[PDB]
């Protein structure tokens, strides 16, 4: 029995099936009252929601799924026919994420890509018929934000206006990524100050819009 299975179980026992909002509130309740967990959370999740509604992306890439909280957060706001692809290298986690998506009724919109982003990113065009990405949610290991950003650009997956949205740019921090995008003329950056999931530690999201 893992913490991730206990979270999935609490959702199955308490959330309304096919109701993504109630799945979200159930994860946040369990992690606020019983076990902290690295979901993006409700405070940063609300900023995510606002960014998603602004840009209405047709194709979203997520780096790091964990238990599916953030994929459920974004997919429930996608237009009909919009797609989310989420890369997760831990097979236990990816199996929890698939079950969470199934319970929320979002299976049709989300495709789990089992593996490490650095291996899966060069296969996006061929194996998933991707031209360019409309939005990227970066929320995996912090030492990969900058390498995977450089890899996305190298593989031709970015276009003018592609929205990169990065979690944890303050805590635990992504200093090289943050320095890179803020100093690069290829990105227009905005910082959204918030709080670490289920805590009052300051954290924030960085939005970095590729400029071509």
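Residue numbers count along the first chain shown, from 1. Here the rigid core means the biggest group of C-alpha atoms that line up within 1.5 Å when the two forms are laid on top of each other.
Chemist: May I ask which stretch, 138 to 146 or 81 to 89, sits farther from the shown form in 5 other deposited structures of this protein once every structure is superposed on the core, judging by RMS CA distance?
Modeler: Result of the core-fitted comparison in 5 other deposited structures of this protein: 138 to 146 deviates more.
Chemist: Following superposition on the rigid core, is the mean squared CA displacement, expressed as RMS, greater for 199 to 207 or for 10 to 18 in 5 other deposited structures of this protein?
Modeler: Between 199 to 207 and 10 to 18, the one lying farther away in 5 other deposited structures of this protein is 199 to 207.
Chemist: Which wins on mean Cα temperature factor, 138 to 146 or 120 to 128?
Modeler: For C-alpha atoms only, the mean B-factor is higher in 120 to 128.
Chemist: Please work out which of 174 to 182 and 30 to 38 has the higher mean CA B-factor as recorded in the PDB entry.
Modeler: According to the PDB entry, the answer is 30 to 38.
Chemist: Looking at the C-alpha B-factor values in the deposited entry, which of 45, 64, 156, 161 comes out highest?
Modeler: The listed residue with the largest C-alpha B-factor is 156.
Chemist: Quick check on the deposited entry: does the C-alpha B-factor of residue 10 sit in the lowest, middle or highest third of its chain?
Modeler: CA B-factor rank for residue 10: highest third.
Chemist: Based on the deposited C-alpha B factors for this chain, I'd like to know if residue 189 is in the lowest, middle or highest third.
Modeler: CA B-factor rank for residue 189: lowest third.
Chemist: Divide the modelled residues of the chain into thirds by Cα B-factor and specify which third, lowest, middle or highest, holds residue 106.
Modeler: Middle third by C-alpha B-factor.
Chemist: Taking only the Cα B-factors deposited for this chain, tell me whether residue 112 sits in the lowest, middle or highest third.
Modeler: As the PDB entry reports it, the C-alpha B-factor of residue 112 lands in the middle third of its chain.
Chemist: Quick one: classify residue 89 as lowest, middle or highest third of the chain based on its Cα B-factor.
Modeler: It belongs to the highest third of the chain when residues are ordered by C-alpha B-factor.
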